[PDB]
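One letter stands for each residue in the lines below.
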Amino acid sequence: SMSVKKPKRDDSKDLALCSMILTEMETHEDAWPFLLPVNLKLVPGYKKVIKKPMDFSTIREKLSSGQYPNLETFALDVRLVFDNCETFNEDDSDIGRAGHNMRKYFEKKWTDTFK
């Protein structure tokens, strides 16, 4: 409350560390469905169904231009990529499995870096 604060967690490395995680997600062999925005002209249904499209290249641009206020808003966009994937793709598809694999990969790096 006013003039009463928990001890200050060092967030000075968070930008660099999110960048490193994102590099590791970009270079994973199963990243290919997520590297670029889904083409809304060429994928029927996507525009209407997926209200907030997100992909690794958009996260990279937001990260590089100071559009994440804190490390949690960064994690919310990464998770949005996988939530969108599950919304649109069957679990038993190459893309559906890719999304599950990457969400696991992310969540481990996230816990190991920050928790």
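How each quantity is defined
- Residues numbered from 1 in each chain as written, not as in the entry; some residues may be left out.
- Heavy atoms only, no water.
- Residues with missing side-chain atoms left out of burial classes, pairs and counts.
- Helix = DSSP H or I, 4+ residues; strand = E, 2+ residues; numbered from the N terminus.
- Expected span 1.5 Å × (residues − 1).
- Buried < 20%, exposed > 50% of the residue type's maximum accessible area, 1.4 Å probe, protein only.
- Contact = heavy atoms within 4.5 Å.
- Polar contact = N/O pair within 3.5 Å; in protein donor to acceptor, adjacent residues only side chain to side chain.
- Salt bridge = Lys/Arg side-chain N within 4 Å of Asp/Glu carboxyl O.
- Axes fitted to C-alpha atoms, helices over the stretch in contact; angles between N-to-C directions.
- Parallel < 35°, antiparallel > 145°, perpendicular 65-115°, else oblique.
- Left-handed = near helix turned anticlockwise from the far one by under 90°.
- Arc of directions from axis to C-beta.
- Core = buried A, V, L, I, M, F, W, Y, C linked by side-chain atoms within 4.5 Å.

Per the deposited record, X-ray crystallography is how this structure was determined, to a resolution of 1.6500 Å.

Focus on helix α4 (residues 71-88)
Taking 1.5 Å of rise per residue, 18 residues should cover 26 Å, and α4 covers 27 Å from first to last C-alpha, within 8% of that figure. Buried within α4 are the following residues: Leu71, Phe74, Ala75, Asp77, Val78, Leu80, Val81, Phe82, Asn84 and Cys85. Where α4 is buried, its residues meet α1 (14-27), α2 (46-49), α3 (56-64) and α5 (94-114). A side-chain oxygen of the first residue of α4 lies 2.9 Å from the backbone nitrogen of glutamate 72; this N-cap is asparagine 70.

Some words on the pattern of salt bridges
Evaluation of the coordinates by the stated rule reveals 9 salt bridges. A salt bridge links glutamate 24 to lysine 109, with the shortest nitrogen-to-oxygen separation between them at 3.1 Å. With a gap of 85 residues between them, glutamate 24 in helix α1 and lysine 109 in helix α5 connect regions that are remote in the sequence. Classification of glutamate 24 by relative accessible area gives partly exposed; the value is 26%. Between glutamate 107 and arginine 79 there is a salt bridge whose closest N-O contact spans 2.8 Å. Placement of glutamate 107 in helix α5 and of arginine 79 in helix α4 is noted, with a sequence separation of 28 residues between them. Judged by relative accessible area, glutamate 107 falls into the partly exposed class, the value being 25%. Judged by relative accessible area, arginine 79 falls into the partly exposed class, the value being 23%. A single salt-bridge network, built from bridges that share partners, covers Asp83, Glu86 and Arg103.

Section: the packing of α4 against α5
A pair of packed helices can be characterised by two numbers: the angle between their axes and the separation between those axes. The contact between α4 and α5 brings their axes to 8 Å, and the two run at 160 degrees. Accordingly, the angle class assigned to the pair α4 and α5 is roughly antiparallel. Here the hand of the crossing between α4 and α5 comes out left-handed. When α4 is examined against α5, the residues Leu71, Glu72, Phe74, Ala75, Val78, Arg79, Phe82, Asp83, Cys85 and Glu86 are found in contact with a partner set consisting of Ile95, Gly96, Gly99, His100, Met102, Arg103, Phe106, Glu107, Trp110 and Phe114.

Thoughts on α3
Three or more residues of α3 are buried, namely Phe56, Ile59, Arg60 and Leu63. All buried residues of α3 fall inside an arc of 100 degrees around its axis, so they share one side. Positive backbone phi, approximately 60 degrees, marks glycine 66, located one or two places after α3.

Description of the nonpolar core
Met25, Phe56, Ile59, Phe74, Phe82, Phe106 and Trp110 are the most contacted members of the largest nonpolar core, which totals 24 residues. Sorting the residues of this core by element identifies α1, α3, α4 and α5 as the ones contributing at least two each. In terms of residues, this core owes the most to one element, α4, which gives 8 residues. Those residues within four positions of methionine 25 in sequence are excluded, and the remaining contacts are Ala31, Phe56, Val78, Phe82, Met102, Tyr105 and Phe106.

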